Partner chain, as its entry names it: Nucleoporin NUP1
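Single chain ahead, written as structure tokens, the form solved without the partner chain.
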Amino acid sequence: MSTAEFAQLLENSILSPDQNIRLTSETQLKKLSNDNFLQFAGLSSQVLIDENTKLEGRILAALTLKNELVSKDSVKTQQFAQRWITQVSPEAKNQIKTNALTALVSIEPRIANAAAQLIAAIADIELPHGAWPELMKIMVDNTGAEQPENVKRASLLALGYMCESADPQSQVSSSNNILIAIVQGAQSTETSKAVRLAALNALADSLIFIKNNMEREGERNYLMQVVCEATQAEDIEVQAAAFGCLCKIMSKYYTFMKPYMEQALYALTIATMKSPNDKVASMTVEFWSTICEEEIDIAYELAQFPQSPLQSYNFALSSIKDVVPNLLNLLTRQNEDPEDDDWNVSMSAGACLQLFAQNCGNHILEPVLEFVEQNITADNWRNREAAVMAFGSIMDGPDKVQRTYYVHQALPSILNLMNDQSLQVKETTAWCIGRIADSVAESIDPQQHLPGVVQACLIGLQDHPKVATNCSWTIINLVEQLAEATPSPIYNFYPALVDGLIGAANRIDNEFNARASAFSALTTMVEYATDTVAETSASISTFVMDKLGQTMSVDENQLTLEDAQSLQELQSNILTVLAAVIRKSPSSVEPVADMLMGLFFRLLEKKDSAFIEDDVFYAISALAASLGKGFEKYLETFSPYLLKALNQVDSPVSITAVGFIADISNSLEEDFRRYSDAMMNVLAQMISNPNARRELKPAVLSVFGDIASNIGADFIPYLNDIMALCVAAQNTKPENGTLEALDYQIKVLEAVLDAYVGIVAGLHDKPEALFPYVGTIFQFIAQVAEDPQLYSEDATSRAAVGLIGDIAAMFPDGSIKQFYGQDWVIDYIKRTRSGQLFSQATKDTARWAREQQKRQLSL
């Protein structure tokens, strides 16, 4: 194969419009690298330097070779290294490397960049072995100030790639100081911004690699001096990269930072924070976040290791005088445009202010609250919005006494801001109120403040959708925090709140998620509803059932993809509320269960039901549990959905399907007879299914217990099959030796118990039916006696000792007396009556088993 044909393969892999031509070429490339790597490696290197090949193909040539040299998977990493080392001849290795260094200096940057990745990959394999010993000299020489711009840049980029890629060091030699080469490229004596960028980025990539260098004061002082100069460069991208390096250095080499923070770093980061350039201020905010984040992390580590030689220098704490006021000022650089959702310097400032509050707690209060007091009634909306943002930003960190106190002072003025002309003030106010609810809900006096908070939220729901959304979120916090208070004051406001939320849920669209959040809030209202507010739950269910109805009588054939997907988002929203209603107030929907099941079946009948099927299955299952006998009218038409669910033996849905069988057996009680034959034959095939997920086996074995206990003598035809499944299960050993594999055998064994308890309860009036299996049941009881993981569970022993008793009661004619004179049985009963290990209920059942066992021997 020739260079040109191989280039054609590369190009077609990614450039051909025909998707089958792409696959075919991709497959042939992989086949080549497999069959003849030596050739594939050479050819790739030749296409990378060939002027006649399209750019995209040359880049791919470098990338694809690289991806056969290096890998995320460390097993393939070793195979790739060994395949390069052993299958590629010295001559071929030399040509390939030579071609890579030639691409590196290409006048096309994107070729050079991809060459750098290829060089790093080769270097990862060879440098540990002291192969390629010429490389380090070549890279250092290439970065000399007098070399052409493109050569310096591409070589700094390659050095960086090479360093972040070398194994947790341990390979790192003297001639050619790599640190000096990189730091020099960052010097202000470099005319070329592209080269300084490349240098500062290479330096960042190399910080872990140059650890020993960083631990020599001389080299470290020099590096810090150059990086600090760089922050003061004219060019904004060079500044960014300089602060980028500072952040990384602070977080890796914190331990060496005190002298520089004191000499010059401190004063410059403070000055840069006031920059009228937004991007420049962000950079410096970033640095102070990193500092805060570190010191928070150090404090956690020091608590867990108090004798640690590590010391916090408390930079953030010392800086409050200076940093906090500057952060606060940055809060007034908000974006004018309500439709812009990008991160900006004011958000960086808020985030950092919150870290300061967490780090420094109460020490943050004075400067923040001076600011809030000064700005909460300022004439400019920017100052009013910064005020509430600052206040909400310190609702986590300071102690509960201080927060509670200042909330009491601020809250009236905060609530009054919900009437602001400014959208952004209202949006942040609703958010702030939310923060107060989330972290300090007891600060909201039930008498003085809660009525105002509720009113604020109600106004908010009717305002701009962005404000409304935050109000829905704030209501959720209010309710989650205040529903658990013992004299609980929030239920006084449920009707008002539910009414506001319904109104928000009735919005015509979901601009800024105003509608979706209203539905989440409604779900919360339902979740936390008590009996005193039952009427408002009914409102919610009536509202969403009606809304679900609307969504299904839309003109399906004229709906665009965009329309349909919005509609389906709303149906998902609706179902979340209906699930909550059914879980919490199953009684407040059973008067209309008939129309609810009507909607559910219609939903399921549509094709494109996949997104909502499971939700609806869950909902119906939980509703079935509440209706009991009243759900039998829906069983016939629910049947194929149940069966579909039972057969997805790999999905969590099948577990709940089994649970459903258990529920209607328990509710139909004797009437479950009608369905028992179909149910049993399906459960039988699920349990002997190889692909059934692990949880099914025991779920099934337990539900045999349920059915048998509800169905009495009507279980007898299944008795023989089920007993064989139980015997087989009880003799299965753990699949291996792990905790996991043992816990699962026991889960199975606990399910056999459930089966036998249920069957014995069921065949109470029919002992002849149980008689042939008494031996097998006792074989099981013997395992319970033997395994600590079974017998030491109070519930399991009480059930086991109960079987001993209950079976004895069933045969007063002496036909099974032989099982009751065994040593192991007597000792098990004694043990179950003995220590402190088992509870009174368990001991009383052992007492009874003991009495029945005694009666047997005298027969």
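Positions refer to the first chain, counted from 1.
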(request) Would you mind checking whether any residues of the deposited sequence sit unmodelled between residue 565 and residue 566, and how many (none, 1 to 3, 4 to 9, 10 or more)? (result) none
(message) Regarding 172-180 and 101-109, which shows the higher C-alpha temperature factor on average in the entry?
(response) 172-180
(message) Please compare 360-368 with 734-742 and say which has the higher mean C-alpha temperature factor in the record.
(response) 734-742
(message) Ranking every modelled residue in this chain by its Cα temperature factor as given in the entry, which third contains residue 622?
(response) middle
(request) Select lowest, middle or highest to describe the third in which the CA B-factor of residue 325 falls within its chain in this entry. (result) middle
(request) Can you work out whether the C-alpha temperature factor of residue 796 puts it in the lowest, middle or highest third of the chain? (result) lowest
(message) Which third, lowest, middle or highest, does the C-alpha temperature factor of residue 827 belong to within its own chain?
(response) lowest
(message) Per the entry's values, where does residue 615 land by CA temperature factor relative to the rest of its chain, in the lowest, middle or highest third?
(response) middle
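Only in words, not in the display: the form deposited with the partner chain bound, which the text now covers.
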(message) Counting any heavy atom within 4.5 Å as contact, can you tell me which stretch out of 252-260, 727-735, 546-554, 404-412 lines the partner chain in the deposited complex?
(response) 252-260
(request) Answer for residue 483 alone: is it within 4.5 Å of the partner chain in the deposited complex, judged on heavy atom distances? (result) no
(request) Would you please decide whether residue 225 lies within 4.5 angstroms of the partner chain in the deposited complex, comparing each non-hydrogen atom pair? (result) yes
(request) May I ask you to state whether residue 679 is within 4.5 Å of the partner chain in the deposited complex, using heavy atom distances? (result) no
(request) Spell out, yes or no, whether the shortest heavy atom distance between residue 638 and the partner chain in the deposited complex is within 4.5 Å. (result) no
(request) Identify, from the list 399, 234, 229, 297, the residue with a heavy atom within 4.5 Å of the partner chain in the deposited complex. (result) 229
(request) Have a look at 221, 776, 666, 150 for me and say which one sits with a heavy atom within 4.5 Å of the partner chain in the deposited complex. (result) 221
(message) With the partner left out here, which residues of 293-314 have a non-hydrogen atom within 4.5 Å of the partner chain in the deposited complex?
(response) 313, 314
